[PDB]
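# A structural walkthrough
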Amino acid sequence: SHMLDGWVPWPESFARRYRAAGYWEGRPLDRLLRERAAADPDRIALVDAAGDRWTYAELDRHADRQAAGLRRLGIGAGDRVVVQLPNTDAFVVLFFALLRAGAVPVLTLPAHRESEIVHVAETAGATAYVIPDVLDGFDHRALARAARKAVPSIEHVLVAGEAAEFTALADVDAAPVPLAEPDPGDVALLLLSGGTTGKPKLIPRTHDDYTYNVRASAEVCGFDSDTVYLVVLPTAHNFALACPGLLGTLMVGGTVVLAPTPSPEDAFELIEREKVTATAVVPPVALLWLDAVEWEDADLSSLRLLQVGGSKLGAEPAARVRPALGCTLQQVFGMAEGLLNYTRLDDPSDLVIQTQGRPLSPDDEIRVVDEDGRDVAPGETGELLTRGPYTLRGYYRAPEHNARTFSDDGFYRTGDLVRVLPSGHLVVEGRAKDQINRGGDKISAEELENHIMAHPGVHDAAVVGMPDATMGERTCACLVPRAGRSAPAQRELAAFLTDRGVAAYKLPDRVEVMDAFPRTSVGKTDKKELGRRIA
Ligand SMILES: Nc1ncnc2c1ncn2[C@@H]1O[C@H](COP(=O)(O)O)[C@@H](O)[C@H]1O
């Protein structure tokens, strides 16, 4: 029996082993804050970009007051809440307040627009939506009005800022009240996957498996009470939230420092000002920082650990990290779906430069299979399948995609092409999944194609990746025009997609027009050939 339907729990035999092995410790996710504020109440837990800071005891108390305020509004006990917030202290307090109210955060990114928000609010049956007022020039309150129009279940909008006709997140406050703990085997939160189908997909993560994710990652990355972790990626991104991210920093009693952007102007000042020891970035930001140190004067000496993940970091810039930035590189090949691969902090430099790490857990299980689903010879390239104590057995409320994406014995098909080396380290070699990886941002080709084909000058669309030296892939939209009509150019299509509510990172970099698509025998559009036909 579970608070939430729509997800796929682990078979009992596996759950017993993970509990026996100490992975699943039986504590709700919010307890990592409760426990740390009990042991170290006066340590500095969180610093924002303005220099304001909060102790563990202050964070813990404020999460209790906001949880009490959430219950006064009728939000708790299994209700799904879409959270779209920037890297501010407001996100951190709300995350734990939602957990302690019994609500299930549905974490979205500030870049997401109407199509993503409506779909995940509609899938989750969300009853509340948390937004900023204006962020990066965009009024999210307008988006929250469109969302309430399309999703009647949304009864409350909480605004971090000028709430307009909605509720101000700062007024969600009340005298703490006894609140029961959730079952640690229940879903704790729902993450977004970029996905590979026509609609984004929600990832259920339980208290037990997400606490393990955080705890085990913190151990592998050497996170301790002397760690000062700079949150450069969005707080709601799995990498910056839990690998080990801010949750690992708070669990071990370190200091979380929130960066408003990854620009050297913002990040280098915070690293010097707060003596940041660890941070995580995607390869395009790594390249930028590696460049910027030759004209920035900031003292970055306090840096000890640079995690780089989301897409593959090249061997040449990876070798540059110690000379240029004076810190240890750690390559992280992970996914919101679960499996994390880490290079170890004292791995030989050869393996930090050339590989994307090895699995986090002793009980992460790895298969590498060919196109016939058969295991490959050792060291050959094939598709990575994985099963383990923090990898999901199914997406939330997605039974048709679950039937395609997990094997009968519960192996998740990652869609990544890898080699496994004799030491156990993986090298990422490519992708099988139809998803473009644009600087770490994931674009489901089928979702984008459906959006584009809605344009009246478009009959058919095939979205193809293009190699890019600093972003990895860019997005090409290959179009068949609507009969007797002219297909749009790049800027017009971009404006169409933005008004439709498509996130900005999914807008095509290039448009190619053609009368027909290359098809394989079997009849599917040949995207390997499109990659050849187009440029
Ligand atoms: N270090 C890395 N190298 C190459 N690809 C990566 C790496 N980390 C993550 N990915 C890709 O990102 C996907 C999941 O990303 P996300 O769910 O956004 O964390 C994986 O399945 C890989 O395709």
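The rules we used
- Residues numbered from 1 in each chain as written, not as in the entry; some residues may be left out.
- Heavy atoms only, no water.
- Residues with missing side-chain atoms left out of burial classes, pairs and counts.
- UniProt positions renumbered as here; feature names shortened; annotations may be inferred.
- Helix = DSSP H or I, 4+ residues; strand = E, 2+ residues; numbered from the N terminus.
- Rg over C-alpha atoms; globule rule 2.2 N^0.38 Å.
- Contact = heavy atoms within 4.5 Å.

The deposited coordinates, according to the entry record, derive from X-ray crystallography at 1.7770 Å resolution.

Under the annotation held in the PDB entry, the protein carries the name Salicylate-AMP ligase and is attributed to Streptomyces gandocaensis. In the PDB, the structure is listed with the title "Crystal Structure of CahJ in Complex with AMP". Quoted verbatim from the Sequence similarities (unreviewed entry) field of the UniProt record, the comment on the protein reads "Belongs to the ATP-dependent AMP-binding enzyme family."

## Regarding the overall build of the protein
On a plain count of helices and strands, the protein comes out with 18 helices and 27 strands. Taken against the 2.2 N^0.38 rule, which gives 24 Å for 535 residues, the C-alpha radius of gyration of the protein at 23 Å falls within 12% of a compact globule. The principal-axis extent of the C-alpha atoms belonging to the protein is close to 65 × 55 × 55 Å.

## Here we look at the UniProt feature "binding site: AMP" (unreviewed entry) in the protein
The sites that UniProt annotates as "binding site: AMP" (unreviewed entry) are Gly 310, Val 332, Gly 334, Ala 336, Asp 416, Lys 433 and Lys 442. Looking at the secondary structure, you find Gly 334 in strand β16 (residues 328–335). Apart from the residues within four sequence positions on either side, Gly 334 is in contact with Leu 339 and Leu 340. Structurally, the position occupied by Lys 433 is in the loop between β22 (426–431) and β23 (435–438).

## Structural notes on unusual backbone geometry
The residue after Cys 243, namely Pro 244, is reached through a cis peptide bond having omega -5 degrees. Position of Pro 244 among the secondary structure elements: in the loop between α8 (238–242) and α9 (245–252). A positive phi angle is found at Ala 164, which is not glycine, with a value near 60 degrees. With respect to the helices, strands and loops of the structure, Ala 164 is situated in the loop between β8 (156–160) and β9 (167–168). One non-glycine residue, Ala 535, lies in the positive phi region at around 55 degrees. With respect to the helices, strands and loops of the structure, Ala 535 is situated in the segment after α18 (527–533).

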